[PDB]
Amino acid sequence: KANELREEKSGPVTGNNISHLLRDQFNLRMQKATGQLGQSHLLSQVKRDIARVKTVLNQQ
RNA sequence: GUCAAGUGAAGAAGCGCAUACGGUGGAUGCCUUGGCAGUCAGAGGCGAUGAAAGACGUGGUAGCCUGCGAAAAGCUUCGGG
């Protein structure tokens, strides 16, 4: 959520957090191109989660 | 059981008229998400903080409309339920 992320972590700590779920976005674009992705709810979920951490950085 | 003479109903290839059913065709009837003109109020401007108008892109699958713009049918906050 957003109330979790405003707990301070930092500029760097949340800046490390973005490079984590870009991996999880990458792996879900590889499995979809191949035959093995049933959880289609996961694919439209990390798009709405990268957007949160970019919001809490361009503002504070 | 005979000839001669007189007379002339049927028969329709196909058509005409009337009715009875159909086919084609989309009128009439009834109906409206759309318009049309007024009355009374607003508000009369938008743009170098990048406009009016668009191209391309965005959805778990596929074209087009409606929304948005690599943070892309959304993100954070207050308020109403």
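Sequential numbering of the first sequence, starting at 1, is according to the authors' numbering.
Idealized CB from N, CA, C, for every residue including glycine.
Should residue i and residue j be called a contact, given that it needs their Cβ atoms to be closer than 8 Å?
i     : j     : result
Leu21 : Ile50 : yes
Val46 : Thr14 : no
Residue range of the alpha helix (DSSP H) that residue i falls in?
i     : result
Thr14 : 11 to 33
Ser44 : That residue, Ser44, is in no alpha helix (DSSP H); it is neither H nor E in DSSP.
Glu4  : 2 to 6
Based on Cα-Cα distance, which residue from the options lies nearest to residue i?
i     : options             : result
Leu43 : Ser10, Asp24, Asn16 : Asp24
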